[PDB]
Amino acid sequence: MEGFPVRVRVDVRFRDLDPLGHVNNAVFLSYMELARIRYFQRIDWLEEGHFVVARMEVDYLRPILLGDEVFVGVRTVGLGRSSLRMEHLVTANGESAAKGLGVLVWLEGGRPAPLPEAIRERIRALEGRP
């Protein structure tokens, strides 16, 4: 997916659907998550890289139907002190279906702490940006 360093495929499940036959709003975040976890695996993925989700902003652009070909890309768009801002793009049949902006927070001892330089450099390398 152009503009995104990591992208994954997801198969729409019957279980993902609302009664009218389109993907449920919360399930979109699980699609976005698969991409983010794969991205974290590159920069303790079971511990979500020691990051916790502090905020998620999602715009649902087009409904996702059973059988749709779905891809999800993810990239870092901001690097803070203890936070990381990530953009996730879910497409259905080549069309943008949802955009999610998430704020991830690095924890140490269960409290926010400055992202380690080791993680910052791996992110800069992955994104190819300073």
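So that there is no doubt, residue numbering starts at 1 and follows the sequence shown.
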Practice prompt. Could you tell me how many residues of the deposited sequence sit unmodelled between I43 and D44 (none, 1 to 3, 4 to 9, 10 or more)?
Written response: 1 to 3
Worksheet item: Got a sec? Mean C-alpha B-factor, which is higher, 22 to 30 or 55 to 63?
Response: 55 to 63
Practice prompt. Give the stretch, out of 34 to 42 and 86 to 94, with the larger mean C-alpha temperature factor in the deposited entry.
Written response: 34 to 42
Worksheet item: Considering only modelled residues of the same chain, in which third does the CA B-factor of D11 rank: lowest, middle or highest?
Response: middle
Fill in: Relative C-alpha B-factor of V77, binned into the chain's lowest, middle or highest third
highest
Worksheet item: Hey, what third does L115 fall into on Cα B-factor, ranked over its chain?
Response: highest
